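A.B. asks: Input final-v4.pdb, format and content: PDB, C-alpha atoms.
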```pdb
ATOM      1  CA  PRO I   1     -75.836 -39.015 -17.265
ATOM      2  CA  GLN I   2     -75.480 -42.034 -19.547
ATOM      3  CA  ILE I   3     -77.764 -41.976 -22.572
ATOM      4  CA  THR I   4     -78.440 -45.102 -24.644
ATOM      5  CA  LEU I   5     -79.470 -44.865 -28.277
ATOM      6  CA  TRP I   6     -82.525 -47.124 -28.595
ATOM      7  CA  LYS I   7     -84.371 -43.822 -28.850
ATOM      8  CA  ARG I   8     -83.448 -40.384 -30.186
ATOM      9  CA  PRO I   9     -81.125 -38.618 -27.710
ATOM     10  CA  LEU I  10     -83.530 -35.776 -26.908
ATOM     11  CA  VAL I  11     -82.915 -33.429 -23.994
ATOM     12  CA  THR I  12     -84.484 -30.251 -22.701
ATOM     13  CA  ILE I  13     -82.429 -27.098 -23.085
ATOM     14  CA  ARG I  14     -82.964 -23.587 -21.794
ATOM     15  CA  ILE I  15     -82.086 -20.660 -24.024
ATOM     16  CA  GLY I  16     -83.150 -17.024 -24.117
ATOM     17  CA  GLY I  17     -85.361 -17.935 -21.170
ATOM     18  CA  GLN I  18     -87.361 -20.584 -23.042
ATOM     19  CA  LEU I  19     -87.435 -24.362 -22.725
ATOM     20  CA  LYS I  20     -86.936 -26.365 -25.894
ATOM     21  CA  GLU I  21     -86.345 -29.964 -26.859
ATOM     22  CA  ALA I  22     -83.093 -30.746 -28.658
ATOM     23  CA  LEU I  23     -81.184 -33.673 -30.076
ATOM     24  CA  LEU I  24     -77.619 -34.379 -28.881
ATOM     25  CA  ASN I  25     -76.106 -34.735 -32.333
ATOM     26  CA  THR I  26     -72.488 -35.900 -32.664
ATOM     27  CA  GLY I  27     -72.943 -35.634 -36.440
ATOM     28  CA  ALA I  28     -73.281 -31.850 -36.458
ATOM     29  CA  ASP I  29     -70.323 -29.483 -36.120
ATOM     30  CA  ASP I  30     -72.611 -26.675 -35.012
ATOM     31  CA  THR I  31     -75.743 -26.113 -32.968
ATOM     32  CA  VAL I  32     -78.842 -25.289 -35.038
ATOM     33  CA  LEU I  33     -82.214 -24.221 -33.672
ATOM     34  CA  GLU I  34     -85.548 -23.713 -35.390
ATOM     35  CA  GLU I  35     -86.650 -20.175 -36.246
ATOM     36  CA  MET I  36     -86.912 -18.038 -33.086
ATOM     37  CA  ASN I  37     -85.846 -14.615 -31.845
ATOM     38  CA  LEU I  38     -82.544 -14.196 -30.079
ATOM     39  CA  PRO I  39     -81.136 -10.831 -28.964
ATOM     40  CA  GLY I  40     -77.888  -9.389 -30.273
ATOM     41  CA  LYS I  41     -76.441  -8.875 -33.726
ATOM     42  CA  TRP I  42     -76.702 -11.749 -36.178
ATOM     43  CA  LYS I  43     -74.936 -12.417 -39.472
ATOM     44  CA  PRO I  44     -76.107 -14.550 -42.438
ATOM     45  CA  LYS I  45     -74.415 -17.922 -42.904
ATOM     46  CA  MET I  46     -74.901 -21.124 -44.846
ATOM     47  CA  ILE I  47     -74.598 -24.674 -43.557
ATOM     48  CA  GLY I  48     -74.867 -28.041 -45.228
ATOM     49  CA  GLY I  49     -76.719 -31.173 -44.326
ATOM     50  CA  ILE I  50     -77.867 -34.411 -45.917
ATOM     51  CA  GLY I  51     -80.274 -32.782 -48.376
ATOM     52  CA  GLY I  52     -78.411 -29.632 -49.342
ATOM     53  CA  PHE I  53     -77.498 -26.226 -47.941
ATOM     54  CA  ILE I  54     -79.647 -23.718 -46.075
ATOM     55  CA  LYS I  55     -79.376 -20.115 -44.901
ATOM     56  CA  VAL I  56     -79.229 -19.430 -41.182
ATOM     57  CA  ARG I  57     -78.633 -16.576 -38.739
ATOM     58  CA  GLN I  58     -75.505 -16.802 -36.568
ATOM     59  CA  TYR I  59     -75.585 -15.554 -32.974
ATOM     60  CA  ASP I  60     -72.329 -15.502 -30.974
ATOM     61  CA  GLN I  61     -71.688 -16.032 -27.248
ATOM     62  CA  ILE I  62     -75.209 -17.247 -26.441
ATOM     63  CA  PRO I  63     -75.710 -18.933 -23.050
ATOM     64  CA  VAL I  64     -77.393 -22.334 -23.251
ATOM     65  CA  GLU I  65     -78.233 -24.821 -20.526
ATOM     66  CA  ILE I  66     -78.296 -28.429 -21.715
ATOM     67  CA  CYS I  67     -79.857 -30.805 -19.219
ATOM     68  CA  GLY I  68     -78.513 -28.676 -16.391
ATOM     69  CA  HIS I  69     -74.982 -28.165 -17.753
ATOM     70  CA  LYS I  70     -73.942 -24.665 -18.766
ATOM     71  CA  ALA I  71     -72.408 -23.701 -22.114
ATOM     72  CA  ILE I  72     -71.837 -20.385 -23.911
ATOM     73  CA  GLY I  73     -71.194 -20.360 -27.627
ATOM     74  CA  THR I  74     -72.357 -19.979 -31.202
ATOM     75  CA  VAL I  75     -75.966 -20.781 -32.019
ATOM     76  CA  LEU I  76     -77.332 -20.939 -35.567
ATOM     77  CA  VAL I  77     -81.024 -20.299 -36.165
ATOM     78  CA  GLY I  78     -82.910 -21.326 -39.281
ATOM     79  CA  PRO I  79     -85.222 -23.795 -41.081
ATOM     80  CA  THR I  80     -83.841 -26.974 -39.492
ATOM     81  CA  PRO I  81     -86.363 -29.823 -39.047
ATOM     82  CA  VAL I  82     -85.378 -30.436 -35.390
ATOM     83  CA  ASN I  83     -83.360 -28.538 -32.779
ATOM     84  CA  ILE I  84     -79.787 -29.763 -32.783
ATOM     85  CA  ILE I  85     -76.987 -29.502 -30.245
ATOM     86  CA  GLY I  86     -73.737 -30.015 -32.129
ATOM     87  CA  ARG I  87     -70.127 -30.647 -31.160
ATOM     88  CA  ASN I  88     -69.378 -26.973 -30.498
ATOM     89  CA  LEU I  89     -71.545 -27.165 -27.340
ATOM     90  CA  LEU I  90     -71.233 -30.895 -26.605
ATOM     91  CA  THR I  91     -67.531 -30.388 -25.991
ATOM     92  CA  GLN I  92     -68.325 -27.650 -23.489
ATOM     93  CA  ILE I  93     -70.418 -29.974 -21.306
ATOM     94  CA  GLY I  94     -67.805 -32.725 -21.432
ATOM     95  CA  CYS I  95     -69.866 -35.082 -23.565
ATOM     96  CA  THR I  96     -68.161 -38.176 -25.054
ATOM     97  CA  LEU I  97     -69.156 -41.328 -26.961
ATOM     98  CA  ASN I  98     -68.482 -44.594 -25.156
ATOM     99  CA  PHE I  99     -68.747 -48.270 -26.085
TER     100      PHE I  99
ATOM    101  CA  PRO Z   1     -63.249 -46.781 -26.089
ATOM    102  CA  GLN Z   2     -64.035 -43.182 -25.188
ATOM    103  CA  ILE Z   3     -64.306 -40.733 -28.082
ATOM    104  CA  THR Z   4     -64.025 -36.981 -27.473
ATOM    105  CA  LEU Z   5     -65.894 -34.566 -29.726
ATOM    106  CA  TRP Z   6     -63.189 -31.974 -30.422
ATOM    107  CA  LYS Z   7     -63.185 -33.329 -33.960
ATOM    108  CA  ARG Z   8     -65.720 -35.306 -35.991
ATOM    109  CA  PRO Z   9     -66.123 -38.805 -34.459
ATOM    110  CA  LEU Z  10     -64.750 -40.784 -37.412
ATOM    111  CA  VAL Z  11     -63.959 -44.463 -37.117
ATOM    112  CA  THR Z  12     -63.014 -47.349 -39.375
ATOM    113  CA  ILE Z  13     -65.784 -49.726 -40.381
ATOM    114  CA  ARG Z  14     -65.837 -52.944 -42.358
ATOM    115  CA  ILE Z  15     -68.613 -53.729 -44.816
ATOM    116  CA  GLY Z  16     -68.819 -56.154 -47.717
ATOM    117  CA  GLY Z  17     -65.084 -56.724 -47.484
ATOM    118  CA  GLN Z  18     -64.265 -53.021 -47.512
ATOM    119  CA  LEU Z  19     -62.783 -50.751 -44.864
ATOM    120  CA  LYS Z  20     -64.136 -47.217 -44.646
ATOM    121  CA  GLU Z  21     -64.192 -44.186 -42.384
ATOM    122  CA  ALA Z  22     -67.646 -43.372 -41.072
ATOM    123  CA  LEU Z  23     -68.998 -40.701 -38.758
ATOM    124  CA  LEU Z  24     -70.570 -41.932 -35.509
ATOM    125  CA  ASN Z  25     -73.809 -39.922 -35.755
ATOM    126  CA  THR Z  26     -76.184 -40.046 -32.773
ATOM    127  CA  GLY Z  27     -78.222 -37.626 -34.882
ATOM    128  CA  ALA Z  28     -79.065 -40.206 -37.558
ATOM    129  CA  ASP Z  29     -81.745 -42.880 -37.070
ATOM    130  CA  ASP Z  30     -80.176 -45.054 -39.781
ATOM    131  CA  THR Z  31     -76.800 -45.841 -41.305
ATOM    132  CA  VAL Z  32     -76.159 -44.260 -44.682
ATOM    133  CA  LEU Z  33     -73.067 -45.062 -46.721
ATOM    134  CA  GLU Z  34     -71.865 -43.284 -49.842
ATOM    135  CA  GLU Z  35     -72.612 -44.986 -53.159
ATOM    136  CA  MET Z  36     -71.202 -48.487 -53.249
ATOM    137  CA  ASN Z  37     -72.272 -51.651 -54.980
ATOM    138  CA  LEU Z  38     -73.767 -54.165 -52.591
ATOM    139  CA  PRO Z  39     -75.330 -57.408 -53.771
ATOM    140  CA  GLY Z  40     -78.854 -58.307 -52.721
ATOM    141  CA  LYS Z  41     -82.368 -56.972 -53.074
ATOM    142  CA  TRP Z  42     -83.146 -53.445 -51.930
ATOM    143  CA  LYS Z  43     -86.132 -51.113 -51.606
ATOM    144  CA  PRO Z  44     -86.358 -47.436 -52.673
ATOM    145  CA  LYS Z  45     -86.388 -44.969 -49.802
ATOM    146  CA  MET Z  46     -86.297 -41.250 -49.068
ATOM    147  CA  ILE Z  47     -84.526 -39.914 -45.988
ATOM    148  CA  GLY Z  48     -84.255 -36.315 -44.968
ATOM    149  CA  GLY Z  49     -82.311 -33.894 -42.888
ATOM    150  CA  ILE Z  50     -81.209 -30.300 -43.022
ATOM    151  CA  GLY Z  51     -81.646 -28.981 -46.544
ATOM    152  CA  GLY Z  52     -84.129 -31.614 -47.645
ATOM    153  CA  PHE Z  53     -84.359 -35.234 -48.815
ATOM    154  CA  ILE Z  54     -82.243 -37.648 -50.840
ATOM    155  CA  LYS Z  55     -83.175 -40.945 -52.459
ATOM    156  CA  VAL Z  56     -81.349 -44.046 -51.235
ATOM    157  CA  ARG Z  57     -81.378 -47.818 -51.556
ATOM    158  CA  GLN Z  58     -82.172 -49.928 -48.508
ATOM    159  CA  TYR Z  59     -80.363 -53.206 -47.827
ATOM    160  CA  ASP Z  60     -81.241 -55.480 -44.886
ATOM    161  CA  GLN Z  61     -79.208 -57.774 -42.630
ATOM    162  CA  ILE Z  62     -75.829 -56.465 -43.752
ATOM    163  CA  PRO Z  63     -72.908 -57.443 -41.502
ATOM    164  CA  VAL Z  64     -70.853 -54.431 -40.433
ATOM    165  CA  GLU Z  65     -67.836 -54.173 -38.149
ATOM    166  CA  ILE Z  66     -67.410 -50.896 -36.263
ATOM    167  CA  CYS Z  67     -63.957 -50.632 -34.705
ATOM    168  CA  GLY Z  68     -63.735 -54.374 -34.123
ATOM    169  CA  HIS Z  69     -67.314 -54.593 -32.850
ATOM    170  CA  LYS Z  70     -69.637 -56.806 -34.858
ATOM    171  CA  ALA Z  71     -73.063 -55.535 -35.817
ATOM    172  CA  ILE Z  72     -75.688 -56.461 -38.385
ATOM    173  CA  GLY Z  73     -78.570 -54.383 -39.617
ATOM    174  CA  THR Z  74     -80.045 -52.167 -42.283
ATOM    175  CA  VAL Z  75     -77.747 -50.064 -44.420
ATOM    176  CA  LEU Z  76     -78.964 -47.303 -46.722
ATOM    177  CA  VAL Z  77     -76.877 -46.388 -49.781
ATOM    178  CA  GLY Z  78     -77.030 -43.088 -51.607
ATOM    179  CA  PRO Z  79     -75.388 -39.726 -52.421
ATOM    180  CA  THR Z  80     -74.475 -38.782 -48.860
ATOM    181  CA  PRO Z  81     -71.498 -36.409 -48.432
ATOM    182  CA  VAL Z  82     -70.090 -38.744 -45.771
ATOM    183  CA  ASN Z  83     -70.521 -42.259 -44.461
ATOM    184  CA  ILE Z  84     -72.802 -42.249 -41.439
ATOM    185  CA  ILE Z  85     -73.285 -44.827 -38.703
ATOM    186  CA  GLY Z  86     -76.676 -44.246 -37.088
ATOM    187  CA  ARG Z  87     -78.494 -45.399 -33.968
ATOM    188  CA  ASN Z  88     -79.743 -48.629 -35.529
ATOM    189  CA  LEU Z  89     -76.134 -49.870 -35.471
ATOM    190  CA  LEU Z  90     -74.751 -47.862 -32.541
ATOM    191  CA  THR Z  91     -77.136 -49.539 -30.097
ATOM    192  CA  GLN Z  92     -75.785 -52.874 -31.305
ATOM    193  CA  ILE Z  93     -72.238 -52.117 -30.171
ATOM    194  CA  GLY Z  94     -73.436 -50.722 -26.849
ATOM    195  CA  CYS Z  95     -72.548 -47.137 -27.662
ATOM    196  CA  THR Z  96     -73.690 -44.454 -25.213
ATOM    197  CA  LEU Z  97     -73.492 -40.675 -24.779
ATOM    198  CA  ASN Z  98     -72.015 -39.623 -21.437
ATOM    199  CA  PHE Z  99     -71.680 -36.331 -19.572
TER     200      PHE Z  99
ATOM    201  CA  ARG M   1     -89.565 -38.713 -42.391
ATOM    202  CA  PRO M   2     -86.586 -36.460 -41.457
ATOM    203  CA  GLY M   3     -84.188 -38.769 -39.643
ATOM    204  CA  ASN M   4     -80.565 -37.975 -40.494
ATOM    205  CA  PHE M   5     -79.255 -34.699 -39.135
ATOM    206  CA  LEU M   6     -75.711 -34.589 -40.420
ATOM    207  CA  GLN M   7     -74.496 -30.978 -40.341
ATOM    208  CA  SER M   8     -71.403 -28.986 -41.228
ATOM    209  CA  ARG M   9     -70.191 -25.615 -42.460
ATOM    210  CA  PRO M  10     -68.979 -24.885 -46.038
TER     211      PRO M  10
END
```
Let's see the structure in the file written out as structure tokens.
C.D. replies:
Amino acid sequence: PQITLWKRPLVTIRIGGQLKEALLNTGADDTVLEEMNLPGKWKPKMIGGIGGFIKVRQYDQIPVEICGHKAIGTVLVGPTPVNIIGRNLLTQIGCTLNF
Amino acid sequence: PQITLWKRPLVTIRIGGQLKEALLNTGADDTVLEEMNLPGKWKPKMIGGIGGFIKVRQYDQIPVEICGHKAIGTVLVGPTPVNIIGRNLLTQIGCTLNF
Amino acid sequence: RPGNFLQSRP
């Protein structure tokens, strides 16, 4: 689909069997979700944003469905203010910026 | 143009007679540029993201050229690790997300 | 209000 930016680019995603709202964020290298439980082994990591760095849990090879399209990759979980879909998964669904 | 997301979507912008590289960020509501002296009145403002909040200065009706496309809007200035073009200006150049 | 979600790794 074509998504204009007059509003936040929010989409529904399906992960771990749950439905969640997420922002298609071209300004994030990674995908970061709010605290939640995901299966598998996780390792501690730190990421940076506009107001500093935070600690997150990294889960590898996690299947995620973004607005229908399928992706499988790294998902970070931690105290982010909103669920974010970053470039690591946006590239998998063939997303581009056009103008 | 069509920009792929394999790498950060950086482009050249023109503001106040200066050329800079800025990240096209569909994940930012506003445009935030790294510290730079801009003439004109401004208002104090706090904006937040991952990690917390930073204090910035808000300037209005600032002409900005994004890859040859003319736009004019609000520009926030503060200690941001990178120059960021947000939705307020992206909508002006008819930028869309497509997949 | 949280409105700028820039994000990157170290």
A.B. asks: Tell me which protein, DNA and RNA residues are within 10 Å of stretch 27-44 of chain I, counting all atoms listed in the file, leaving out same-chain ones fewer than 4 positions away, and put them as an NGL selection string.
C.D. replies: (:I and (15-16 or 20-23 or 48-49 or 55-62 or 73-90)) or (:Z and (5-10 or 23-28 or 50 or 84-86)) or (:M and (4-9))
A.B. asks: List the residues matched by the PyMOL selection byres ((chain Z and resi 14) around 6) in the displayed structure as a ChimeraX atom specification, ordered by chain and then by residue number.
C.D. replies: /Z:13,15,18-19,64-65
A.B. asks: Take the residues from that selection and put them in a file with C-alpha atoms, as an mmCIF file, in the coordinates of the input.
C.D. replies:
```cif
data_model
loop_
_atom_site.group_PDB
_atom_site.id
_atom_site.type_symbol
_atom_site.label_atom_id
_atom_site.label_comp_id
_atom_site.auth_asym_id
_atom_site.auth_seq_id
_atom_site.Cartn_x
_atom_site.Cartn_y
_atom_site.Cartn_z
ATOM 1 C CA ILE Z 13 -65.784 -49.726 -40.381
ATOM 2 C CA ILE Z 15 -68.613 -53.729 -44.816
ATOM 3 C CA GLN Z 18 -64.265 -53.021 -47.512
ATOM 4 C CA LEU Z 19 -62.783 -50.751 -44.864
ATOM 5 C CA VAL Z 64 -70.853 -54.431 -40.433
ATOM 6 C CA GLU Z 65 -67.836 -54.173 -38.149
#
```
A.B. asks: Once chain I is fitted onto chain Z by least squares over all its in-order Cα atoms, send the moved chain as a PDB file with C-alpha atoms, keeping the file's coordinate frame.
C.D. replies:
```pdb
ATOM      1  CA  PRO I   1     -63.277 -46.901 -26.204  1.00  0.00           C
ATOM      2  CA  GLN I   2     -64.030 -43.364 -25.032  1.00  0.00           C
ATOM      3  CA  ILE I   3     -64.251 -40.812 -27.826  1.00  0.00           C
ATOM      4  CA  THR I   4     -64.092 -37.066 -27.148  1.00  0.00           C
ATOM      5  CA  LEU I   5     -65.654 -34.572 -29.526  1.00  0.00           C
ATOM      6  CA  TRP I   6     -62.946 -31.962 -30.151  1.00  0.00           C
ATOM      7  CA  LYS I   7     -62.758 -33.636 -33.548  1.00  0.00           C
ATOM      8  CA  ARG I   8     -65.291 -35.426 -35.746  1.00  0.00           C
ATOM      9  CA  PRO I   9     -65.988 -38.914 -34.334  1.00  0.00           C
ATOM     10  CA  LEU I  10     -64.604 -40.811 -37.332  1.00  0.00           C
ATOM     11  CA  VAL I  11     -63.964 -44.546 -37.185  1.00  0.00           C
ATOM     12  CA  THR I  12     -62.986 -47.224 -39.656  1.00  0.00           C
ATOM     13  CA  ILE I  13     -65.670 -49.738 -40.542  1.00  0.00           C
ATOM     14  CA  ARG I  14     -65.546 -52.923 -42.573  1.00  0.00           C
ATOM     15  CA  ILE I  15     -68.444 -53.754 -44.859  1.00  0.00           C
ATOM     16  CA  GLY I  16     -68.826 -55.976 -47.904  1.00  0.00           C
ATOM     17  CA  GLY I  17     -65.126 -56.687 -47.444  1.00  0.00           C
ATOM     18  CA  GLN I  18     -64.025 -53.059 -47.824  1.00  0.00           C
ATOM     19  CA  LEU I  19     -62.635 -50.583 -45.312  1.00  0.00           C
ATOM     20  CA  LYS I  20     -64.345 -47.217 -45.084  1.00  0.00           C
ATOM     21  CA  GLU I  21     -64.282 -44.200 -42.820  1.00  0.00           C
ATOM     22  CA  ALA I  22     -67.520 -43.324 -41.038  1.00  0.00           C
ATOM     23  CA  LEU I  23     -68.898 -40.831 -38.567  1.00  0.00           C
ATOM     24  CA  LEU I  24     -70.540 -42.061 -35.338  1.00  0.00           C
ATOM     25  CA  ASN I  25     -73.661 -39.940 -35.647  1.00  0.00           C
ATOM     26  CA  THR I  26     -76.144 -39.856 -32.751  1.00  0.00           C
ATOM     27  CA  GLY I  27     -78.221 -37.440 -34.846  1.00  0.00           C
ATOM     28  CA  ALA I  28     -79.129 -40.009 -37.494  1.00  0.00           C
ATOM     29  CA  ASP I  29     -81.787 -42.683 -36.991  1.00  0.00           C
ATOM     30  CA  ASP I  30     -80.289 -44.788 -39.760  1.00  0.00           C
ATOM     31  CA  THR I  31     -76.921 -45.701 -41.219  1.00  0.00           C
ATOM     32  CA  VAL I  32     -76.192 -44.102 -44.608  1.00  0.00           C
ATOM     33  CA  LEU I  33     -73.221 -44.863 -46.837  1.00  0.00           C
ATOM     34  CA  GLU I  34     -72.009 -43.210 -50.019  1.00  0.00           C
ATOM     35  CA  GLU I  35     -72.804 -44.852 -53.356  1.00  0.00           C
ATOM     36  CA  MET I  36     -71.311 -48.369 -53.523  1.00  0.00           C
ATOM     37  CA  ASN I  37     -72.356 -51.881 -54.504  1.00  0.00           C
ATOM     38  CA  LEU I  38     -73.795 -54.211 -51.916  1.00  0.00           C
ATOM     39  CA  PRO I  39     -75.149 -57.690 -52.698  1.00  0.00           C
ATOM     40  CA  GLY I  40     -78.753 -58.705 -52.132  1.00  0.00           C
ATOM     41  CA  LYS I  41     -82.089 -57.179 -53.041  1.00  0.00           C
ATOM     42  CA  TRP I  42     -82.542 -53.470 -52.426  1.00  0.00           C
ATOM     43  CA  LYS I  43     -85.655 -51.299 -52.306  1.00  0.00           C
ATOM     44  CA  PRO I  44     -85.987 -47.534 -52.965  1.00  0.00           C
ATOM     45  CA  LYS I  45     -86.486 -45.296 -49.934  1.00  0.00           C
ATOM     46  CA  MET I  46     -86.362 -41.632 -49.030  1.00  0.00           C
ATOM     47  CA  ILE I  47     -84.715 -40.055 -46.004  1.00  0.00           C
ATOM     48  CA  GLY I  48     -84.532 -36.510 -44.739  1.00  0.00           C
ATOM     49  CA  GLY I  49     -81.683 -34.404 -43.514  1.00  0.00           C
ATOM     50  CA  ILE I  50     -80.850 -30.770 -42.855  1.00  0.00           C
ATOM     51  CA  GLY I  51     -81.108 -29.666 -46.489  1.00  0.00           C
ATOM     52  CA  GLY I  52     -84.009 -31.745 -47.747  1.00  0.00           C
ATOM     53  CA  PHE I  53     -84.839 -35.311 -48.745  1.00  0.00           C
ATOM     54  CA  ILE I  54     -82.884 -37.739 -50.906  1.00  0.00           C
ATOM     55  CA  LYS I  55     -83.446 -41.125 -52.536  1.00  0.00           C
ATOM     56  CA  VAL I  56     -81.468 -44.093 -51.270  1.00  0.00           C
ATOM     57  CA  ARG I  57     -81.258 -47.870 -51.664  1.00  0.00           C
ATOM     58  CA  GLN I  58     -82.126 -49.965 -48.597  1.00  0.00           C
ATOM     59  CA  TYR I  59     -80.230 -53.188 -47.891  1.00  0.00           C
ATOM     60  CA  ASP I  60     -81.381 -55.400 -44.995  1.00  0.00           C
ATOM     61  CA  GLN I  61     -79.391 -57.646 -42.635  1.00  0.00           C
ATOM     62  CA  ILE I  62     -75.966 -56.389 -43.737  1.00  0.00           C
ATOM     63  CA  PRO I  63     -73.002 -57.297 -41.505  1.00  0.00           C
ATOM     64  CA  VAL I  64     -70.874 -54.321 -40.478  1.00  0.00           C
ATOM     65  CA  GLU I  65     -67.832 -54.136 -38.235  1.00  0.00           C
ATOM     66  CA  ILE I  66     -67.429 -50.792 -36.477  1.00  0.00           C
ATOM     67  CA  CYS I  67     -64.038 -50.345 -34.861  1.00  0.00           C
ATOM     68  CA  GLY I  68     -63.916 -54.062 -34.150  1.00  0.00           C
ATOM     69  CA  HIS I  69     -67.477 -54.460 -32.830  1.00  0.00           C
ATOM     70  CA  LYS I  70     -69.915 -56.538 -34.854  1.00  0.00           C
ATOM     71  CA  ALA I  71     -73.386 -55.421 -35.951  1.00  0.00           C
ATOM     72  CA  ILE I  72     -75.910 -56.730 -38.493  1.00  0.00           C
ATOM     73  CA  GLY I  73     -78.676 -54.474 -39.712  1.00  0.00           C
ATOM     74  CA  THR I  74     -80.148 -52.084 -42.242  1.00  0.00           C
ATOM     75  CA  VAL I  75     -77.785 -50.028 -44.368  1.00  0.00           C
ATOM     76  CA  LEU I  76     -78.931 -47.222 -46.669  1.00  0.00           C
ATOM     77  CA  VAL I  77     -76.808 -46.305 -49.677  1.00  0.00           C
ATOM     78  CA  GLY I  78     -77.046 -43.033 -51.563  1.00  0.00           C
ATOM     79  CA  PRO I  79     -75.729 -39.496 -52.225  1.00  0.00           C
ATOM     80  CA  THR I  80     -74.793 -38.663 -48.624  1.00  0.00           C
ATOM     81  CA  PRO I  81     -71.824 -36.280 -48.202  1.00  0.00           C
ATOM     82  CA  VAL I  82     -70.101 -38.512 -45.601  1.00  0.00           C
ATOM     83  CA  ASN I  83     -70.533 -42.102 -44.408  1.00  0.00           C
ATOM     84  CA  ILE I  84     -72.763 -42.179 -41.361  1.00  0.00           C
ATOM     85  CA  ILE I  85     -73.314 -44.772 -38.655  1.00  0.00           C
ATOM     86  CA  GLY I  86     -76.684 -44.030 -37.083  1.00  0.00           C
ATOM     87  CA  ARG I  87     -78.521 -45.175 -33.972  1.00  0.00           C
ATOM     88  CA  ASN I  88     -79.768 -48.400 -35.566  1.00  0.00           C
ATOM     89  CA  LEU I  89     -76.187 -49.769 -35.447  1.00  0.00           C
ATOM     90  CA  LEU I  90     -74.834 -47.703 -32.540  1.00  0.00           C
ATOM     91  CA  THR I  91     -77.301 -49.443 -30.254  1.00  0.00           C
ATOM     92  CA  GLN I  92     -76.009 -52.810 -31.428  1.00  0.00           C
ATOM     93  CA  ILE I  93     -72.439 -52.053 -30.319  1.00  0.00           C
ATOM     94  CA  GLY I  94     -73.586 -50.720 -26.954  1.00  0.00           C
ATOM     95  CA  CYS I  95     -72.690 -47.110 -27.673  1.00  0.00           C
ATOM     96  CA  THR I  96     -73.913 -44.398 -25.254  1.00  0.00           C
ATOM     97  CA  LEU I  97     -73.412 -40.658 -24.690  1.00  0.00           C
ATOM     98  CA  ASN I  98     -71.803 -39.719 -21.387  1.00  0.00           C
ATOM     99  CA  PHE I  99     -71.072 -36.444 -19.601  1.00  0.00           C
TER     100      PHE I  99
END
```
A.B. asks: Which is closest to chain I among Z:99, Z:72, Z:17, Z:46, if we use only C-alpha atoms?
C.D. replies: Z:99
A.B. asks: What separation in Å, quoted to one decimal, exists between atom CA of residue I:94 and atom CA of residue Z:94?
C.D. replies: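 Those two atoms sit 19.6 Å apart.
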A.B. asks: Rank nothing, just name the residue among I:11, I:66, I:53, I:71 nearest to chain Z, using all atoms listed in the file.
C.D. replies: I:53
A.B. asks: Any chance you could work out the axis-aligned box around stretch 11-14 of chain I, listed atoms only, 4 Å on each side, giving centre and edge lengths in Å to one decimal, as AutoDock Vina command-line options?
C.D. replies:
```
--center_x -83.5 --center_y -28.5 --center_z -22.9 --size_x 10.1 --size_y 17.8 --size_z 10.2
```
A.B. asks: Distance atom CA of residue M:1-atom CA of residue Z:54, one decimal place?
C.D. replies: 11.2 Å
A.B. asks: How many Å separate atom CA of residue I:97 from atom CA of residue Z:91?
C.D. replies: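 Separation of atom CA of residue I:97 and atom CA of residue Z:91: 11.9 Å.
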